[PDB]
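Residues in the sequence shown are numbered consecutively from 869, following our numbering.
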Amino acid sequence: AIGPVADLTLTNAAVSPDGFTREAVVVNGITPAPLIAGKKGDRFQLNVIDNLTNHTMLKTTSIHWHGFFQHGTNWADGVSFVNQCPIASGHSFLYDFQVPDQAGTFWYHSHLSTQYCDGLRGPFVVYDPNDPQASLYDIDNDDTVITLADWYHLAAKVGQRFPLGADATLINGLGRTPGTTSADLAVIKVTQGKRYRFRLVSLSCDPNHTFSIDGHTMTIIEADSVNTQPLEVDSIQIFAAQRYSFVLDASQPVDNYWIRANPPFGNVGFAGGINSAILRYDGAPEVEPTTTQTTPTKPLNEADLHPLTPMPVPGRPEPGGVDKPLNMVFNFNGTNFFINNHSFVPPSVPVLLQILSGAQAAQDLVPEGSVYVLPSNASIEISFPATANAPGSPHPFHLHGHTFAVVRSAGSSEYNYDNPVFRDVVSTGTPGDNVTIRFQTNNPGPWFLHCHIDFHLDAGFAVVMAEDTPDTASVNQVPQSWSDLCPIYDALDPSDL
Ligand SMILES: *[C@@H]1O[C@H](CO)[C@@H](O[C@@H]2O[C@H](CO)[C@@H](O[C@@H]3O[C@H](CO[C@H]4O[C@H](CO)[C@@H](O)[C@H](O[C@H]5O[C@H](CO)[C@@H](O)[C@H](O)[C@@H]5O)[C@@H]4O)[C@@H](O)[C@H](O[C@@H]4O[C@H](CO)[C@@H](O)[C@H](O)[C@@H]4O)[C@@H]3O)[C@H](O)[C@H]2NC(C)=O)[C@H](O)[C@H]1NC(C)=O
Ligand SMILES: *[C@@H]1O[C@H](CO)[C@@H](O[C@@H]2O[C@H](CO)[C@@H](O[C@@H]3O[C@H](CO)[C@@H](O)[C@H](O[C@H]4O[C@H](CO)[C@@H](O)[C@H](O)[C@@H]4O)[C@@H]3O)[C@H](O)[C@H]2NC(C)=O)[C@H](O)[C@H]1NC(C)=O
Ligand SMILES: [O-][O-]
Ligand SMILES: [Cu+2]
Ligand SMILES: [Cu+2]
Ligand SMILES: [Cu+2]
Ligand SMILES: [Cu+2]
């Protein structure tokens, strides 16, 4: 795997991951983008080189490193017009950050418009040389990463605004459509008698996926970047941008077994081997599995996940019991999503730059209603009440700059102020849920908060949490090339975007 120091060269290319050629945004020649790897304590120097030529999929770009805190490097967080202006084609930009206090399973993706959908999305793993879970498995390497990607035959700008689901689901970059039921499937090799730490990464743009492996169970040991107490399951519903590590014990008979990743909409089920890949034991014939689906008897619920090392819930054990409660009221006008009456529109001057220039109060920050200012070292609680008014539910909400406690999950009326799982992406459920989260403001800067369905994000389903605006300038020392981005971008012709 490349990294922790590396060149990420962006180009446009024809790809056919599911048997059908279309143009894509690729990274060092491939989509999904390649695995970036390093270890706890590393310094990542990822030099993004923009050589994109296709305006329809955007020649400009910006890259987010999903799940990293970026403490004191808010400039590198990637999010376009919040954290930087876009990189222009013909240019480079070095993302330079440290990961001193974090390990686990992450990913990276374009954070401009719906560009990540057109192919700029890949896995990112930070290994812990003293992983507390290491005794549970034998093998954890580049070949134990499993990615899932909803794949479209029409490009994101050319297609529907809220598309009717994917054409294919890609498992490790490969899969089938109804029209291409003899395209190559991905194969994941195992050896009988060994235990694998599989790191499952959703690169999804919209649908969630219900993931299983015939004949096998999965012992979950990590949710997003957070180590969990081991939880054995046999089906996982993974929402856009979520991750899980799970241990698979490869001690079934030597055979081919179907790996299944069924989306809630699009092309559903398994006809012709769609939404499928192959788990192949060494020595088995190199042929499709003939295993059949078993009804799950131990599906994953977020309520059953708890952290491995105790992770104390900020604030006090009762609703609204924190320095700053917020409630996020979703709505939708048929075109744009709205949070507390406002649809995020990206500003010309990035929010960070606004703050550096001296804008530190919510009323002086543009766009007016979308930016909330938070005091430092303060406990926060945010509730995301699902509503008939925000269609496309369940919406998986993501907070940059933080992992957070999920005190109330989707499908639960219970509040857990004691030992809830922490993570960075959480499903806000269906009408009747009031999914609720907590975190401490210990990370000065402006951090995006949004639905990770990329079509909803591009339609304004976002706000910005500008924490500690007074110390934001001094804590986030900016490099000259970051300063150079906006003049270069603002100089561009509309057709060169
Ligand atoms: C920069 O990047 C962009 C984005 O990736 C690249 O865009 C590609 O642009 C080309 C055209 O320039 C485009 O091909 C065209 O696609 C349209 C749309 O197709 C859909 O239309 C219907 C959807 O509801 C549906 O009927 C249709 O289905 C059928 O299409 C063909 C049938 O033979 C089959 O392949 C397919 O399986 C299915 O049966 C599509 O889903 C299409 O209409 C175009 O064909 C046109 O037909 C009209 C009809 O009257 C004619 O008037 C036109 O003369 C024309 O023949 C054509 O196929 C790609 O779809 C775009 N790619 C993506 C991923 O969106 C762009 O190329 C790139 N630039 C460079 C320089 O590389
Ligand atoms: C999802 O969860 C959120 C967070 O819990 C929830 O928002 C909160 O709702 C409660 C009540 O529904 C709000 O609490 C109010 O606080 C003020 C006090 O300043 C008052 O309006 C109320 O206090 C009392 O009023 C009467 C006393 O005269 C009593 O008879 C009454 O019982 C109250 O105790 C009330 O407590 C709280 O302000 C919000 N938090 C926000 C908006 O940030 C939200 O409603 C939930 N959404 C869904 C759809 O379930
Ligand atoms: O994070 O998008
Ligand atoms: Cu993300
Ligand atoms: Cu993120
Ligand atoms: Cu959404
Ligand atoms: Cu984001």
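Where a beta carbon is used, it is the ideal one built from N, C-alpha and C, also for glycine.
Residue i: first and last residue of the uninterrupted alpha helix (DSSP H) it sits in
i            : result
residue 898  : No alpha helix (DSSP H) holds residue 898; DSSP gives it neither H nor E.
residue 1117 : Per DSSP, residue 1117 belongs to no alpha helix (DSSP H); it is in the beta strand (DSSP E), 1111-1117.
residue 1224 : 1219-1224
residue 1348 : 1348-1358
residue 1325 : 1322-1325
Sequence-distant residues of its chain with Cβ nearer than 7 angstroms to residue i (five each side left out)
i            : result
residue 1026 : 924
residue 1083 : 1120, 1125 and 1159
residue 1256 : 1299
residue 1093 : 935, 970, 972, 973, 974, 1271 and 1292
Residue span of the beta strand (DSSP E) that contains residue i, given as start and end
i            : result
residue 1163 : Neither: residue 1163 is in no beta strand (DSSP E) and is coded neither H nor E.
residue 918  : 911-918
residue 1343 : Here residue 1343 belongs to no beta strand (DSSP E); instead the alpha helix (DSSP H) covers 1337-1343.
residue 1319 : 1313-1319
residue 1063 : 1063-1070
residue 966  : 960-966
residue 1124 : 1124-1130
residue 1030 : Looking at the DSSP string, residue 1030 is not in any beta strand (DSSP E), and its letter there is neither H nor E.
residue 875  : 873-883
residue 989  : 989-995
residue 1273 : 1272-1276
residue 1239 : 1239-1242
residue 1205 : 1205-1207
residue 906  : 904-907
residue 1198 : 1198-1200
residue 1264 : 1264-1267
Buried versus exposed call for residue i [16 or more other C-beta atoms within 10 Å across all chains shown]
i            : result
residue 983  : buried
residue 1087 : buried
residue 919  : exposed
residue 1245 : exposed
residue 1209 : exposed
residue 1314 : buried
residue 1151 : exposed
residue 1018 : buried
residue 1297 : buried
residue 1229 : exposed
residue 1133 : exposed
According to DSSP, residues forming a beta bridge with residue i
i            : result
residue 1086 : 1101
residue 933  : 976
residue 1019 : 1036
residue 951  : In the DSSP output, where bridge partners are listed per residue, residue 951 has none listed.
residue 1096 : 1175
residue 1149 : 1058
residue 1080 : 1128
residue 870  : 904
residue 1333 : 1240 and 1315
residue 1192 : 1248
Beta-carbon proximity list for residue i, same chain, < 6 angstroms, skipping 5 on both sides
i            : result
residue 1024 : 982, 985 and 986
residue 1164 : 1102 and 1103
residue 1107 : 1076, 1264 and 1295
residue 1066 : 1012, 1014, 1114 and 1116
Cβ-based neighbour list, residue i, same chain, cut-off 8 angstroms, excluding 5 preceding and 5 following
i           : result
residue 874 : 904, 913, 914 and 915
- Residue ranges of each beta strand (DSSP E) within the region 1279-1313, 3 or longer: 1293-1295 and 1302-1308
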